[PDB]
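Residue numbers (the working numbering), protein chains in the order written: chain D, 39 to 122; chain G, 181 to 398; chain B, 150 to 239; chain E, 79 to 619; chain X, 33 to 213.
Idealized CB from N, CA, C, for every residue including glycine.
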């Protein structure tokens, strides 16, 4: 359901690991201290990640925009504690 | 006198050296015996040269030995070059400290290669500043030292500067008063104090006694 | 060292005396130091270096320096040749 | 001799203090990298020689060699080329000759000096002719038996004349035997195995031939190492078999451009001409694919189009006779950055070899060719992708220029359709700088050879090619051989080595055999014309 | 005159310091280095635990002559209890091996084969706990004034990189304050 998509993208930023380096959590850890309040994701890396996720984004964009906003803010709260 | 402890104290003194902002006693009593021991094992290469003679296997400790030799040699290189650098920056004041009676003179205890490089470098340095700017050497300006104002050649004996320190000291089995640990000291403020498990950064002056006593790591 | 012209002569005078003086200290140790170089701690023990415009060429054995030929060799001789810029990859 | 003991012997001769002391083919590079990696793992230092010049080797080996105790050479004897002159059983120095071409040089096997024959375990054969070329030849009423002996000597000499004078070609992939040998010792490295597969795929332009039965041999290795029984998802770190196709630049480019630049599809569909253009769109009309859909990158195309691709191919391409295409070729899994068939990576790396970089300028340029080799040797690592993508895209830039100049040649029809052999020359055209590399003309010639004759019966004929810009009519002319469309039917191989020896034995003014490969030679156009006349007659074939 | 840092130790220099660490191994064999401090020992029995300094183990591992045992303290469940203890301790920085950072970096280079599924498992944990430790440093770091600095428990690496900041600032504070008198 609803939260499974949030869980998929939290399992994307936290549980992606290429050869010896994880990249996206470092993107967000840099951007909060900078006071960015934003995040950039290369869609080609997303197609590189999974196959079902991309077709899901492909079908309904207006419905999947909030699951990104939720996955952004839930990780952002741990670093926000780390950072009202 | 144990090589294990000698090497331990080697890295120890190296760390202490690099952290300390100003000069420390020269350990010739130890530096010499080690410089000789390394030359002994260093020459001791001979088995490797004699190994080619048996030709009309395990070289692992061979190059390991050689490796540690040069490795330790690196350590001492940084150590000595660091001392030289410190002297270059402190040279005017250290000679002025040699001029004063009390307490401990520069000489050899606190400071041979060093004194040579010191005096020679300072010499040619004086020739370089002298021939360039002081020619052109006004009567009162002829002196290169504190006038006073402002100032010079008095820098930088600053013991007040903060630096990282780590409480470690020889156990009785003295100054351990409890409950958890030792010891009791700023001039205008009181004790905090200290514990062996945590680093407390504070003024380098109040801990100077302990460094002379070897009671606090850096 | 290792192992201009536009600047004022007094500097070169001081310079030549300085380098002569540091060679005097190199003569004193006889340790050996080798104190001006070997700044990075070694590991482990062998490295692969490529030639930088050196052909060339000798210490302990003559290795026949050849332009654009990369080797696999211990740090030792590399330390000397790098001072002349003759080696490139580290 | 057996490889194992020889290998142990070099190990015994390896470690020393002071140490030590001991271009185009990718097949050799794989074997070098795998063994090199083995010895670096054992920390065995040694020299690396990037040989370029066939005769330059004499200028270097004989120049600086002092303490030295220990694809080339199957033709030229180095004993004459160097003048080593046996000095003291237990000779002080040995030279390893790694070569896959046959027939072997006569001085190689017999008159063994540096060898240490590398023939094991490849060509036994027999090949019983060298036995009478040496055992009978050495040491070489009485008038009758003497004339009988001389007659038999000339008879065996006549037999031997056939041997060593014939076209040199590679027999089989060295990597196969080297991997078998390494696996005999027990080492199986996922990296190394994939590289073995890479080297085997590299020479596929020259069919398989044995490689067809060497498929199970690689498949066995795929069974002996099983990354996971089941996922084990993803895993973040780490090959697999897939239904591969001969189509070119599959994964990084549009299916449209893939056929557009496809060499195999080229002559059959006559892509240069306008007739087959609509036929190509007709193939897509059978595929039911929108033109705009074909232009999209392979990554963003719909999943349906993906899964149904092979069924659609099975249901459409057969109309044009393309039924034999789908193959079970291997595909590497590096996980997260995506899989690639060994063939494509090979094309990109070789493209990286050719781009991505008086007589002093030519030698300077030769030096630059060797300079580009190390960029390729560095490029062999998996992790260094940054440089690899540049070469991957430049491969497309080349193939674009290839097919373009190709159409230009198709309009003028400069081919002289002679009975002896076809002859051509490109004396002028745009973008001639790319033609300096022999490999450019190698694949270029191949791209023509399959185009002009599919076959297209009858009697496949060799093509002649040359080009020059400066340096006084260099006109590199490389030999070219016909390609059969699966219909090694015969041991034909090559012809030219003997002919080059016959014409180079004449007045040979300004001729330079400086090219390491026997098939290509530099010649003046002024003297190329009679060279052609002498080539036509007397025709050795 | 290297000039670098000169106050801080170089990261590779602290790596040179951690080289001194002894560790247990499982040699393939079933010597008498005269150099400095090993002094031990007779040829060891295969697959048997023996404590040896770090860099020699690195050598033997490069030749694959030893089987390194994984450090017992490094177990995911233990890091879980550490992170647990961290969420409930806003002030204390409790337990760290203190050299563990560089260890894990090195152990995952080669010793990775001996551990049981560390991949995509503890690596995340150490990173997570690392950053939460960093921010807890920042929360205690806002409190900084003379004369006390709470150094409590931290891996030496991070202490070294943060050194220039706090060290050079506090001096200014003390100077202006005492100087004002």
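What are the start and end residues of the alpha helix (DSSP H) that includes residue i?
{"i": "residue 612(E)", "result": "603–614"}
{"i": "residue 169(X)", "result": "154–173"}
{"i": "residue 308(E)", "result": "From DSSP, residue 308(E) is part of no alpha helix (DSSP H); its letter is neither H nor E."}
{"i": "residue 224(E)", "result": "220–240"}
{"i": "residue 196(X)", "result": "188–212"}
{"i": "residue 249(G)", "result": "240–279"}
{"i": "residue 487(E)", "result": "463–490"}
{"i": "residue 312(G)", "result": "293–312"}
Considering only their Cβ atoms, is the gap separating residue j from residue i smaller than 8 Å?
{"i": "residue 232(B)", "j": "residue 152(B)", "result": "yes"}
{"i": "residue 361(G)", "j": "residue 376(G)", "result": "yes"}
{"i": "residue 382(G)", "j": "residue 179(X)", "result": "yes"}
{"i": "residue 543(E)", "j": "residue 503(E)", "result": "yes"}
{"i": "residue 326(G)", "j": "residue 332(G)", "result": "yes"}
{"i": "residue 161(E)", "j": "residue 191(E)", "result": "no"}
{"i": "residue 523(E)", "j": "residue 501(E)", "result": "no"}
{"i": "residue 79(E)", "j": "residue 122(E)", "result": "no"}
{"i": "residue 69(D)", "j": "residue 76(D)", "result": "yes"}
{"i": "residue 347(E)", "j": "residue 358(E)", "result": "yes"}
{"i": "residue 421(E)", "j": "residue 410(E)", "result": "no"}
Taking C-alpha atoms, which residue in the options lies nearest to residue i?
{"i": "residue 378(G)", "options": "124(X), 111(X) and 138(X)", "result": "124(X)"}
{"i": "residue 541(E)", "options": "597(E), 441(E), 566(E) and 508(E)", "result": "597(E)"}
{"i": "residue 513(E)", "options": "496(E), 323(E) and 555(E)", "result": "555(E)"}
{"i": "residue 553(E)", "options": "354(E), 590(E), 483(E) and 298(E)", "result": "590(E)"}
{"i": "residue 318(E)", "options": "386(E), 347(E) and 307(E)", "result": "307(E)"}
{"i": "residue 203(B)", "options": "215(B), 195(B) and 153(B)", "result": "215(B)"}
{"i": "residue 575(E)", "options": "153(E), 97(E), 144(E) and 229(E)", "result": "153(E)"}
{"i": "residue 248(E)", "options": "360(E), 561(E) and 281(E)", "result": "281(E)"}
{"i": "residue 216(G)", "options": "200(B), 229(B), 180(B) and 158(B)", "result": "180(B)"}
{"i": "residue 192(B)", "options": "234(G), 244(G) and 232(G)", "result": "244(G)"}
{"i": "residue 102(E)", "options": "448(E), 472(E), 341(E) and 532(E)", "result": "448(E)"}
Any Cβ of chain X within less than 8 Å of the Cβ of residue i?
{"i": "residue 189(B)", "result": "yes"}
{"i": "residue 66(D)", "result": "no"}
{"i": "residue 120(D)", "result": "yes"}
{"i": "residue 319(G)", "result": "no"}
{"i": "residue 265(G)", "result": "yes"}
When burial is assigned at 16 or more other CB atoms within 10 Å of the CB, is residue i buried or exposed?
{"i": "residue 620(E)", "result": "The question about residue 620(E) has no answer here: the residues shown for chain E are numbered 79 through 619."}
{"i": "residue 263(E)", "result": "exposed"}
{"i": "residue 277(E)", "result": "buried"}
{"i": "residue 197(X)", "result": "exposed"}
{"i": "residue 242(E)", "result": "buried"}
{"i": "residue 222(E)", "result": "exposed"}
{"i": "residue 81(D)", "result": "exposed"}
{"i": "residue 168(B)", "result": "exposed"}
{"i": "residue 429(E)", "result": "buried"}
How would you write the range of the beta strand (DSSP E) that residue i sits in, first residue to last?
{"i": "residue 99(X)", "result": "98–100"}
{"i": "residue 234(X)", "result": "In the structure displayed, chain X extends from 33 to 213; residue 234(X) sits before or after that span and is not available."}
{"i": "residue 82(X)", "result": "82–85"}
{"i": "residue 408(E)", "result": "408–410"}
Are the C-beta of residue i and some C-beta of chain B separated by less than 8 Å?
{"i": "residue 129(X)", "result": "no"}
With respect to 7 Å, is the separation between the Cβ of residue i and the closest non-hydrogen atom of the ligand ADP below this value?
{"i": "residue 121(E)", "result": "Only the bare structure without any ligand can be found here, which leaves the ligand ADP out of the picture."}
Using a Cβ cut-off of 8 Å, pull out every chain F residue sitting near residue i, in sequence order please.
{"i": "residue 52(D)", "result": "The chain labelled as chain F is not found among the protein chains of the depicted structure, namely D, G, B, E and X."}
So is residue i in contact with chain G if we call contact Cβ pairs under 8 Å?
{"i": "residue 330(E)", "result": "no"}
Counting contacts by CB-CB distance shorter than 8 Å, is residue i in contact with chain E?
{"i": "residue 193(G)", "result": "no"}
{"i": "residue 222(G)", "result": "no"}
{"i": "residue 151(X)", "result": "yes"}
{"i": "residue 209(B)", "result": "yes"}
Any C-beta of chain D sitting closer than 8 Å to the C-beta of residue i?
{"i": "residue 305(E)", "result": "no"}
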